[PDB]
$ cat model.txt   # compact mmCIF, C-alpha atoms
# COMPACT_ATOMS: atom_id res chain seq x y z
CA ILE A 1 -42.08 -28.41 19.39
CA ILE A 2 -39.56 -27.37 16.75
CA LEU A 3 -38.00 -24.33 15.03
CA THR A 4 -36.42 -24.61 11.59
CA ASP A 5 -34.53 -21.79 9.86
CA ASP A 6 -31.58 -22.39 7.50
CA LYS A 7 -32.32 -26.11 7.74
CA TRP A 8 -31.09 -26.05 11.33
CA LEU A 9 -33.63 -27.59 13.67
CA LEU A 10 -34.04 -26.33 17.21
CA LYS A 11 -36.06 -28.50 19.56
CA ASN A 12 -37.85 -27.43 22.74
CA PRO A 13 -36.41 -23.96 23.39
CA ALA A 14 -37.11 -22.32 26.77
CA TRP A 15 -40.29 -20.39 25.97
CA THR A 16 -40.59 -19.48 29.63
CA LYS A 17 -38.74 -18.90 32.84
CA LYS A 18 -38.58 -22.00 35.03
CA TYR A 19 -37.43 -20.51 38.32
CA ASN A 20 -40.18 -22.24 40.28
CA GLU A 21 -39.09 -25.59 38.86
CA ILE A 22 -35.39 -24.99 39.52
CA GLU A 23 -36.15 -23.68 43.02
CA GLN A 24 -38.16 -26.78 43.93
CA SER A 25 -35.50 -29.24 42.73
CA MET A 26 -32.51 -27.38 44.24
CA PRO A 27 -32.84 -28.85 47.79
CA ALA A 28 -31.84 -32.23 46.35
CA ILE A 29 -28.62 -30.59 45.24
CA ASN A 30 -28.37 -28.80 48.60
CA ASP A 31 -28.55 -32.09 50.49
CA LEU A 32 -26.16 -33.94 48.17
CA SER A 33 -23.60 -31.14 48.45
CA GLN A 34 -23.86 -31.15 52.22
CA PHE A 35 -23.41 -34.92 52.37
CA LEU A 36 -20.39 -34.88 50.00
CA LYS A 37 -18.71 -31.88 51.65
CA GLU A 38 -18.87 -33.79 54.93
CA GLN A 39 -16.99 -36.76 53.37
CA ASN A 40 -14.46 -34.43 51.69
CA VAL A 41 -15.78 -35.45 48.28
CA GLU A 42 -15.48 -32.87 45.47
CA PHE A 43 -18.69 -32.02 43.59
CA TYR A 44 -18.49 -30.75 39.96
CA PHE A 45 -21.51 -29.72 37.88
CA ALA A 46 -20.55 -29.49 34.21
CA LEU A 47 -23.08 -27.86 31.91
CA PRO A 48 -22.93 -28.68 28.21
CA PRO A 49 -24.96 -26.07 26.33
CA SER A 50 -28.31 -27.21 24.97
CA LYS A 51 -28.38 -26.54 21.26
CA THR A 52 -31.17 -23.99 21.76
CA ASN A 53 -28.91 -22.06 24.12
CA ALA A 54 -25.76 -22.23 21.99
CA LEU A 55 -27.57 -21.42 18.73
CA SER A 56 -30.11 -18.93 20.09
CA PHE A 57 -28.46 -16.35 17.82
CA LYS A 58 -30.28 -18.12 14.98
CA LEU A 59 -33.61 -16.83 16.31
CA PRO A 60 -35.27 -13.45 15.66
CA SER A 61 -35.27 -11.23 18.75
CA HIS A 62 -39.08 -11.06 18.79
CA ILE A 63 -39.16 -14.79 19.48
CA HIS A 64 -38.22 -14.66 23.18
CA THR A 65 -36.42 -17.58 24.79
CA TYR A 66 -35.09 -17.89 28.32
CA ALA A 67 -32.34 -20.50 28.36
CA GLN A 68 -29.71 -18.21 29.80
CA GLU A 69 -32.09 -16.68 32.36
CA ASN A 70 -32.95 -20.15 33.56
CA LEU A 71 -29.27 -21.20 33.73
CA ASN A 72 -28.33 -18.00 35.57
CA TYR A 73 -30.99 -18.67 38.21
CA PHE A 74 -29.76 -22.25 38.57
CA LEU A 75 -26.15 -21.05 39.03
CA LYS A 76 -27.24 -18.38 41.46
CA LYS A 77 -29.01 -20.93 43.71
CA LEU A 78 -26.30 -23.64 43.70
CA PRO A 79 -24.47 -24.17 46.99
CA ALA A 80 -21.04 -22.50 47.06
CA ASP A 81 -19.40 -25.95 47.26
CA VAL A 82 -20.92 -27.19 44.00
CA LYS A 83 -18.37 -26.15 41.39
CA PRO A 84 -20.12 -25.42 38.11
CA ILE A 85 -18.32 -25.88 34.80
CA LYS A 86 -19.88 -23.20 32.64
CA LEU A 87 -19.46 -24.35 29.06
CA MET A 88 -21.83 -21.96 27.30
CA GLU A 89 -20.14 -19.02 28.93
CA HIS A 90 -16.70 -20.46 28.01
CA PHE A 91 -17.75 -21.02 24.38
CA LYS A 92 -19.36 -17.61 24.03
CA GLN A 93 -16.29 -15.81 25.36
CA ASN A 94 -13.81 -17.70 23.17
CA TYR A 95 -15.56 -18.64 19.91
CA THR A 96 -17.56 -16.85 17.21
CA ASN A 97 -21.17 -17.83 16.55
CA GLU A 98 -19.89 -19.54 13.41
CA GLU A 99 -17.44 -21.70 15.40
CA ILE A 100 -20.08 -22.53 18.02
CA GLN A 101 -22.52 -23.56 15.26
CA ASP A 102 -19.86 -25.98 13.98
CA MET A 103 -20.00 -27.65 17.44
CA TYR A 104 -23.51 -29.05 16.93
CA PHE A 105 -25.32 -31.32 14.49
CA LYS A 106 -27.75 -29.71 12.05
CA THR A 107 -30.83 -31.85 12.79
CA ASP A 108 -29.87 -33.77 15.92
CA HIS A 109 -29.99 -31.82 19.18
CA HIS A 110 -26.64 -32.98 20.60
CA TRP A 111 -23.29 -31.29 20.27
CA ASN A 112 -21.17 -33.15 17.73
CA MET A 113 -17.80 -34.71 18.64
CA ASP A 114 -15.88 -31.48 17.98
CA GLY A 115 -18.00 -29.63 20.55
CA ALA A 116 -18.00 -32.57 22.95
CA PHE A 117 -14.20 -32.94 22.82
CA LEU A 118 -13.79 -29.21 23.60
CA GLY A 119 -16.27 -29.74 26.41
CA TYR A 120 -14.33 -32.71 27.75
CA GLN A 121 -11.09 -30.75 27.48
CA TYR A 122 -12.45 -27.73 29.32
CA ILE A 123 -14.08 -29.92 31.98
CA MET A 124 -11.04 -31.97 32.86
CA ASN A 125 -8.47 -29.18 32.63
CA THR A 126 -10.75 -27.17 34.96
CA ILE A 127 -10.94 -30.04 37.48
CA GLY A 128 -7.20 -30.52 37.12
CA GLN A 129 -6.74 -26.91 38.14
CA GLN A 130 -8.95 -26.95 41.20
CA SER A 131 -8.92 -30.49 42.56
CA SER A 132 -7.00 -31.85 45.52
CA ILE A 133 -7.02 -35.45 44.30
CA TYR A 134 -7.38 -35.39 40.52
CA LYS A 135 -4.04 -34.97 38.92
CA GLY A 136 -3.63 -35.78 35.26
CA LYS A 137 -1.85 -34.38 32.24
CA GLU A 138 -3.48 -31.36 30.64
CA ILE A 139 -5.76 -32.38 27.79
CA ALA A 140 -4.20 -31.42 24.47
CA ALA A 141 -5.51 -31.82 20.90
CA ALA A 142 -2.18 -33.26 19.74
CA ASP A 143 -2.67 -36.25 22.05
CA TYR A 144 -5.59 -37.52 19.96
CA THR A 145 -6.56 -38.55 16.43
CA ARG A 146 -9.69 -36.94 14.99
CA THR A 147 -11.10 -39.33 12.40
CA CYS A 148 -14.26 -38.38 10.54
CA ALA A 149 -16.84 -39.73 8.18
CA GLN A 150 -17.81 -37.07 5.64
CA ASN A 151 -21.39 -38.09 4.85
CA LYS A 152 -23.39 -39.58 7.73
CA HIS A 153 -27.13 -39.29 8.32
CA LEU A 154 -28.45 -39.02 11.89
CA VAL A 155 -32.02 -40.14 12.52
CA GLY A 156 -25.36 -35.58 5.16
CA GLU A 157 -23.07 -34.48 7.99
CA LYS A 158 -19.55 -35.00 9.31
CA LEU A 159 -19.36 -37.51 12.16
CA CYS A 160 -16.05 -37.68 14.01
CA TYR A 161 -14.17 -39.44 16.74
CA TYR A 162 -11.27 -38.34 18.93
CA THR A 163 -9.23 -41.39 19.88
CA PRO A 164 -6.21 -41.31 22.26
CA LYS A 165 -2.99 -41.58 20.23
CA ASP A 166 -2.40 -44.96 21.87
CA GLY A 167 -6.06 -45.92 21.85
CA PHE A 168 -8.32 -46.43 24.84
CA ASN A 169 -6.45 -48.86 27.08
CA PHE A 170 -8.88 -49.73 29.88
CA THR A 171 -8.43 -52.57 32.35
CA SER A 172 -12.16 -53.27 32.04
CA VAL A 173 -15.29 -51.68 30.63
CA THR A 174 -18.56 -53.11 31.89
CA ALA A 175 -22.14 -51.98 31.46
CA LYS A 176 -25.67 -53.17 32.14
CA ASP A 177 -28.41 -52.04 29.78
CA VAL A 178 -32.09 -51.59 30.46
CA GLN A 179 -32.77 -55.13 29.17
CA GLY A 180 -30.45 -56.46 31.86
CA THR A 181 -27.62 -57.74 29.66
CA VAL A 182 -23.99 -57.07 30.46
CA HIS A 183 -21.61 -55.46 28.01
CA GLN A 184 -18.01 -56.66 28.58
CA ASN A 185 -15.90 -54.20 26.58
CA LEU A 186 -15.79 -50.72 25.08
CA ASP A 187 -16.49 -51.75 21.46
CA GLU A 188 -19.78 -53.25 22.68
CA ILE A 189 -20.79 -49.87 24.02
CA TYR A 190 -19.11 -46.98 22.22
CA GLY A 191 -19.23 -46.44 18.46
CA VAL A 192 -21.00 -49.76 17.78
CA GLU A 193 -22.52 -48.38 14.56
CA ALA A 194 -19.66 -46.17 13.38
CA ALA A 195 -19.79 -47.95 10.00
CA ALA A 196 -23.50 -47.28 9.43
CA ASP A 197 -24.45 -44.74 6.75
CA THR A 198 -27.59 -43.88 8.68
CA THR A 199 -28.24 -44.33 12.42
CA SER A 200 -28.74 -42.36 15.64
CA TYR A 201 -26.39 -40.40 17.86
CA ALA A 202 -26.70 -43.30 20.29
CA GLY A 203 -25.73 -45.66 17.47
CA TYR A 204 -22.71 -43.51 16.66
CA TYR A 205 -21.59 -42.90 20.27
CA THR A 206 -23.46 -44.67 23.13
CA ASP A 207 -27.02 -45.28 24.22
CA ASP A 208 -28.12 -44.37 27.73
CA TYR A 209 -27.23 -47.15 30.19
CA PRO A 210 -28.34 -47.51 33.82
CA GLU A 211 -24.71 -48.20 34.75
CA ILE A 212 -21.30 -48.17 33.06
CA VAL A 213 -18.20 -49.08 35.08
CA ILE A 214 -14.68 -48.52 33.80
CA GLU A 215 -11.43 -49.54 35.55
CA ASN A 216 -8.24 -47.80 34.49
CA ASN A 217 -4.98 -48.99 36.01
CA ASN A 218 -3.09 -46.59 33.77
CA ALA A 219 -4.54 -43.46 35.40
CA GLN A 220 -2.07 -41.40 37.44
CA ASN A 221 -4.32 -41.11 40.52
CA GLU A 222 -6.65 -42.80 43.00
CA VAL A 223 -9.84 -41.03 41.91
CA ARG A 224 -13.00 -43.11 42.05
CA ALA A 225 -15.36 -40.90 40.08
CA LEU A 226 -19.10 -40.99 39.80
CA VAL A 227 -20.43 -39.36 36.66
CA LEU A 228 -24.11 -38.54 36.76
CA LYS A 229 -25.14 -37.70 33.22
CA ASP A 230 -27.68 -37.15 30.52
CA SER A 231 -27.25 -37.89 26.82
CA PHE A 232 -24.69 -35.09 26.30
CA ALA A 233 -22.05 -37.20 28.14
CA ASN A 234 -22.41 -40.16 25.72
CA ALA A 235 -19.92 -38.81 23.15
CA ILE A 236 -17.15 -38.44 25.76
CA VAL A 237 -17.71 -41.28 28.24
CA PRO A 238 -14.48 -43.14 27.56
CA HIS A 239 -12.62 -39.79 27.36
CA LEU A 240 -13.81 -38.86 30.87
CA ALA A 241 -12.87 -42.34 32.07
CA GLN A 242 -9.26 -41.81 30.90
CA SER A 243 -8.90 -39.35 33.72
CA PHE A 244 -9.60 -41.58 36.71
CA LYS A 245 -8.53 -44.92 38.22
CA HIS A 246 -12.21 -45.85 38.54
CA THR A 247 -15.21 -44.37 36.74
CA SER A 248 -18.86 -45.16 37.50
CA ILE A 249 -21.31 -43.62 35.02
CA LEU A 250 -25.00 -43.57 35.91
CA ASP A 251 -28.06 -42.28 34.06
CA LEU A 252 -30.75 -41.65 36.72
CA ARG A 253 -33.49 -42.04 34.08
CA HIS A 254 -32.60 -45.74 34.03
CA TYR A 255 -30.67 -46.62 37.17
CA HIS A 256 -33.06 -47.52 39.98
CA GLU A 257 -31.17 -50.27 41.80
CA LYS A 258 -30.20 -47.96 44.67
CA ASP A 259 -30.13 -44.23 45.18
CA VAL A 260 -27.19 -41.87 44.65
CA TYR A 261 -26.18 -41.85 48.30
CA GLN A 262 -26.21 -45.63 48.60
CA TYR A 263 -24.25 -45.85 45.34
CA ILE A 264 -21.59 -43.43 46.55
CA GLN A 265 -21.09 -45.40 49.78
CA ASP A 266 -21.33 -48.89 48.26
CA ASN A 267 -18.83 -48.06 45.55
CA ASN A 268 -16.45 -45.91 47.63
CA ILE A 269 -16.85 -42.88 45.39
CA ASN A 270 -14.51 -39.96 46.11
CA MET A 271 -15.37 -37.50 43.34
CA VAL A 272 -18.70 -36.56 41.79
CA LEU A 273 -19.22 -34.99 38.38
CA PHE A 274 -22.55 -34.16 36.75
CA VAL A 275 -22.74 -33.80 32.97
CA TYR A 276 -26.24 -32.40 32.32
CA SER A 277 -27.19 -30.10 29.41
CA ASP A 278 -27.77 -26.52 30.64
CA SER A 279 -31.54 -26.84 30.05
CA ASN A 280 -31.79 -29.91 32.26
CA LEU A 281 -31.90 -27.90 35.46
CA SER A 282 -34.66 -29.60 37.51
CA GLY A 283 -37.16 -32.44 37.50
CA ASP A 284 -36.81 -36.23 37.45
CA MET A 285 -33.02 -36.38 36.92
CA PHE A 286 -32.57 -34.65 40.26
CA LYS A 287 -34.02 -37.48 42.35
CA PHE A 288 -31.00 -38.58 44.45
CA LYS A 289 -32.69 -39.90 47.57
CA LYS A 290 -35.10 -42.84 47.75
$ encode --input "model.txt" --output "structure tokens"
Amino acid sequence: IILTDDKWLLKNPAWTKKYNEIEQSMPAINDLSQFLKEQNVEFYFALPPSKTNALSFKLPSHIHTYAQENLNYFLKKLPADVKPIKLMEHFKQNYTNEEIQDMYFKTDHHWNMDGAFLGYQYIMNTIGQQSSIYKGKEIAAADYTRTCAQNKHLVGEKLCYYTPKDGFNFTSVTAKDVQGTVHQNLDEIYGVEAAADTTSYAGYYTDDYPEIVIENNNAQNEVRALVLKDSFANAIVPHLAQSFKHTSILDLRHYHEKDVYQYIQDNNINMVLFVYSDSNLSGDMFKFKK
């Protein structure tokens, strides 16, 4: 289901309240938070704004949508020890509707790289403020190079990348796809189709993998992070991985080898970060326990 206006396309807005859905899925979060708190493992829940939340101002008032009501309920029911990173609220307080609009693609439903880099920035500088084990330099624009293509077509728009001044310098980047093949470096995963005049967001950034593992001997800490994500993380996966000595990235739509608890123990995880869009508040991506 789709809304088009000034050639902006909005997909699947929240036509209704989903409190029952969020309420039913929340115990999974309750149990994971209890388990992690016991191990002294920090639990962050970052919430990139769904495009239909961020651009809801492009809808007439008579067309009622409930993205923020649903997110508010979700935030209200979270355990106290799950630290939410509230990106929509941050964007709304600090940017005009015009500037927020410039953070998303016109036809594709993801935030573009400009939005995603702000997201990454806000996420890590927030964790850097509150964490007992993550220490890292504050994320600054000047430390990167924004390079853009002026006329790309997502299945013309400006498609950009923010690359570390010194490039991404990872000890290893490894990933297993759904087909079972192993990817052995970052250029086999991220921005594979940067040259293409027409491809998908996945082509331009990354597809969804069951598992991506990055090792980073340059990082100024001993954080072994687990990122649980949906597609909104894809644009900033290596950027997130800059921040930690070890980064595991899982997509629970595709990773079924073991559950979240087994993964945390088998891989000695000591920090957990979700990156789910703020409409992805319940359902299949909240199955943590076999």
$ closest_residue --input "model.txt" --among "A:280, A:68, A:169, A:216" --to "residue 55 of chain A" --atoms "all atoms listed in the file"
A:68
$ atom_distance --input "model.txt" --atom1 "atom CA of residue 28 of chain A" --atom2 "atom CA of residue 267 of chain A"
20.5 Å
$ residues_near_point --input "model.txt" --point "(-18.7, -23.8, 24.9)" --cutoff "12 Å" --atoms "all atoms listed in the file" --output "number ranges by chain"
A: 46-51, 53-55, 85-97, 99-104, 111, 114-123, 277-278
$ closest_residue --input "model.txt" --among "A:284, A:242, A:250, A:217" --to "residue 124 of chain A" --atoms "all atoms listed in the file"
A:242
$ atom_distance --input "model.txt" --atom1 "atom CA of residue 227 of chain A" --atom2 "atom CA of residue 214 of chain A"
11.2 Å
$ closest_atom_pairs --input "model.txt" --of "segment 127-146 of chain A" --to "segment 70-84 of chain A" --cutoff "12 Å" --atoms "all atoms listed in the file" --output "JSON lines"
{"residue": "A:127", "atom": "CA", "partner": "A:83", "partner_atom": "CA", "distance": 9.3}
{"residue": "A:130", "atom": "CA", "partner": "A:83", "partner_atom": "CA", "distance": 9.5}
{"residue": "A:131", "atom": "CA", "partner": "A:83", "partner_atom": "CA", "distance": 10.5}
$ closest_residue --input "model.txt" --among "A:171, A:125, A:279, A:112" --to "residue 204 of chain A" --atoms "all atoms listed in the file"
A:112
$ residues_around --input "model.txt" --residues "residue 225 of chain A" --least-positions-apart "4" --cutoff "9 Å" --atoms "all atoms listed in the file" --output "PyMOL selection string"
chain A and resi 241+244-249+269-273
$ residues_around --input "model.txt" --residues "residue 107 of chain A" --least-positions-apart "4" --cutoff "9 Å" --atoms "all atoms listed in the file" --output "VMD selection string"
chain A and resid 7 to 10 154 to 155
$ write_last_selection --input "model.txt" --atoms "C-alpha atoms" --output "compact mmCIF listing (two decimals), in the frame of the given file"
# COMPACT_ATOMS: atom_id res chain seq x y z
CA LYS A 7 -32.32 -26.11 7.74
CA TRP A 8 -31.09 -26.05 11.33
CA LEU A 9 -33.63 -27.59 13.67
CA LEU A 10 -34.04 -26.33 17.21
CA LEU A 154 -28.45 -39.02 11.89
CA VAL A 155 -32.02 -40.14 12.52
$ atom_distance --input "model.txt" --atom1 "atom CA of residue 172 of chain A" --atom2 "atom CA of residue 234 of chain A"
17.8 Å
$ closest_atom_pairs --input "model.txt" --of "segment 104-191 of chain A" --to "segment 197-203 of chain A" --cutoff "10 Å" --atoms "only C-alpha atoms" --output "JSON lines"
{"residue": "A:105", "atom": "CA", "partner": "A:201", "partner_atom": "CA", "distance": 9.7}
{"residue": "A:108", "atom": "CA", "partner": "A:201", "partner_atom": "CA", "distance": 7.7}
{"residue": "A:109", "atom": "CA", "partner": "A:201", "partner_atom": "CA", "distance": 9.4}
{"residue": "A:110", "atom": "CA", "partner": "A:201", "partner_atom": "CA", "distance": 7.9}
{"residue": "A:111", "atom": "CA", "partner": "A:201", "partner_atom": "CA", "distance": 9.9}
{"residue": "A:112", "atom": "CA", "partner": "A:201", "partner_atom": "CA", "distance": 8.9}
{"residue": "A:149", "atom": "CA", "partner": "A:197", "partner_atom": "CA", "distance": 9.2}
{"residue": "A:151", "atom": "CA", "partner": "A:197", "partner_atom": "CA", "distance": 7.6}
{"residue": "A:152", "atom": "CA", "partner": "A:197", "partner_atom": "CA", "distance": 5.4}
{"residue": "A:153", "atom": "CA", "partner": "A:198", "partner_atom": "CA", "distance": 4.6}
{"residue": "A:154", "atom": "CA", "partner": "A:200", "partner_atom": "CA", "distance": 5.0}
{"residue": "A:155", "atom": "CA", "partner": "A:200", "partner_atom": "CA", "distance": 5.0}
{"residue": "A:156", "atom": "CA", "partner": "A:198", "partner_atom": "CA", "distance": 9.3}
{"residue": "A:159", "atom": "CA", "partner": "A:201", "partner_atom": "CA", "distance": 9.5}
{"residue": "A:189", "atom": "CA", "partner": "A:203", "partner_atom": "CA", "distance": 9.2}
{"residue": "A:190", "atom": "CA", "partner": "A:203", "partner_atom": "CA", "distance": 8.3}
{"residue": "A:191", "atom": "CA", "partner": "A:203", "partner_atom": "CA", "distance": 6.6}
